[PDB]
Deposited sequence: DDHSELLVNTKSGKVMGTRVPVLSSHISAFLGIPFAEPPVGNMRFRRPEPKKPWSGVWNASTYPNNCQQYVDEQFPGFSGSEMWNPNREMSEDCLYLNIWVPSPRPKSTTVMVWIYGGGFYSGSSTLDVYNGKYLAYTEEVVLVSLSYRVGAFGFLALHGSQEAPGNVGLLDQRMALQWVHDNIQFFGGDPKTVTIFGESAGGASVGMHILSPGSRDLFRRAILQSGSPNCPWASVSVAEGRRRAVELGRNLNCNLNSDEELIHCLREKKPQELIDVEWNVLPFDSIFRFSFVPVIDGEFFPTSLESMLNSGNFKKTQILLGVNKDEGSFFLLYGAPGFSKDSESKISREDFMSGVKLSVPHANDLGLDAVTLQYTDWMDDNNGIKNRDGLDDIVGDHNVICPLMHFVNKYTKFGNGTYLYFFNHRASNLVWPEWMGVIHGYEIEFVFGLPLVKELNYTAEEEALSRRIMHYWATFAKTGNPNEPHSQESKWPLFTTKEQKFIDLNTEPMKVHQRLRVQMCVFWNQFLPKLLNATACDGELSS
């Protein structure tokens, strides 16, 4: 039977699912690790013990314990990101969509979900792998990993809560794919890991980490890169945040063991309820528990690894969306709201920049402000709203990614860069947010091919070429079929726009602003 697969871990039984009036097989909720519960909370993951019998893999698994978004109760725009399954610490599962009839040795794609390292689920409707698996004939895998404190509480030096275990969860799922995807007809020597935002920063982290490199072939990073200012912290900051967490729960703080034992006695929601209280600054785009530069998963600082070429050398395809910062200003900067045009006053502009560059002294805040202010028209509310949007996006997503791509390309084997700027005709968010962080995912997963979601025909056509670009690149290391998406080179620095109009090639994506964020501002904060 087509729905039965025997793996090294045991037999698994899937289900047949309809797709664009055809069908494919899906093996949902396959365990790849022991449940990280009880005494295992905060611990490195453990491989799933093989099982006898047949594992029912016909339905989605639980989602990991996480902070649930309540800013807009019932609004689809935000609920589309919330867990759509029961939450549980027992959540280390993966899902596989397999073309029918079962391939023999085809291209494999593994998706790593985003969510600021504090949230996320592999079961979201926007991550439904059937459309892509079906249309491009690829074996599509979505893994899961512990988020928030469960995945990233870091007490460096302790073996009970070393930090980075959520990255180790991802690595375990990648190991499982490597060892078993052949039984589902996937070629383990041709697996592309792709992810968006924290998922994309994760993909870059596996590119850097010696212990992850051998487990995949190529990578795609969407609106995220390993060096993002919000994607990692030092072991000292990690420790300070773990201790502050314990301090919020009235924990004994005398030794690592006393703190960890207390945190392990608390119910999941107890940690989630005080998680946000540990940030060091009033800020936007900063999350409590994230990866730590520990000298293990990351042997040295991310910058020294990037500079010395200490990373997996292969082909990469990555890019950003036009209005990366809007999602974040809506949620936390004064003057912005879901139902107004959010024209921003000069005062709110300034408290907006302060929130965006939390770690900056005054000279630094002035530098940012001057750089983004049109002084011939300083009281223009649209200009102040769009300027903050750019500040947030350039600093947190775009410039860090442009710095990664320029460092990577020096040693890599091929880079393809895109700028996604199509505003979906059916976007439920206000127009002022533009082409929002996370909204290229739906085109990557092919949602525009299902008529009921009522997208336009050109949006469907757009989705199909992005899907074919991603799959052709996973299969060959080149998105083009033998108009061309040119290779990004350290000399030419070319990239393409991704939208419904005829492909247009450009160069040096946001260089002016990125020289300010990658070279000037850091020098300024280091001197003063």
| item | value |
| --- | --- |
| Missing residue ranges, deposited sequence indexing starting at 1 | 1-3, 486-489, 536-543 |
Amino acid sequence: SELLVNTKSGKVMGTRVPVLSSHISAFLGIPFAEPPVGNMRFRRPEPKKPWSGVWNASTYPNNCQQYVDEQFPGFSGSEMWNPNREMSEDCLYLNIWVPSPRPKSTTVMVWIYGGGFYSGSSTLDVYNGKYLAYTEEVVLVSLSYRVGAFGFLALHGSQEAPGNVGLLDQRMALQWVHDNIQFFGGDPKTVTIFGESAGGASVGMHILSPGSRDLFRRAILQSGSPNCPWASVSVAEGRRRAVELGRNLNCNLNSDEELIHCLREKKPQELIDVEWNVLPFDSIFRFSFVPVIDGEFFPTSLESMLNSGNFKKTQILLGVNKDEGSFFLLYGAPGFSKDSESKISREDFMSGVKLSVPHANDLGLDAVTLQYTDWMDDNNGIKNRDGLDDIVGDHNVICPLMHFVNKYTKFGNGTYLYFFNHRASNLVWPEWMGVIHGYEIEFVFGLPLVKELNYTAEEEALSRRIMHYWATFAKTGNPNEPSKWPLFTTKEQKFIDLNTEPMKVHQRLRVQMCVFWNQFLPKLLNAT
From here on, numbers count along this sequence of modelled residues.
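The term rigid core refers to the most C-alpha atoms you can superpose between the two forms while keeping them within 1.5 Å.
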property	result
Stretch farther from the shown model on average in 8 other deposited structures of this protein, with CA RMS computed after core superposition (281-289, 114-122)	281-289
Mean Cα B-factor comparison, 226-234 or 349-357, giving the higher one as deposited	349-357
197-205 versus 290-298 - which carries the larger mean C-alpha B factor in the record	290-298
Candidate residues 454, 95, 170, 164, the one whose C-alpha B factor the record puts highest	454
Selection by C-alpha B-factor (highest) of 119, 71, 283, 396	71
CA B-factor ranking of residue 365, expressed as a third of its chain	middle
Residue 85 - Cα temperature factor, lowest/middle/highest third of chain	highest
CA B-factor ranking of residue 54, expressed as a third of its chain	highest
Assigned third (lowest, middle, highest) for the C-alpha B factor of residue 38	highest
Ranked C-alpha temperature factor of residue 253 among modelled chain residues, by third	highest
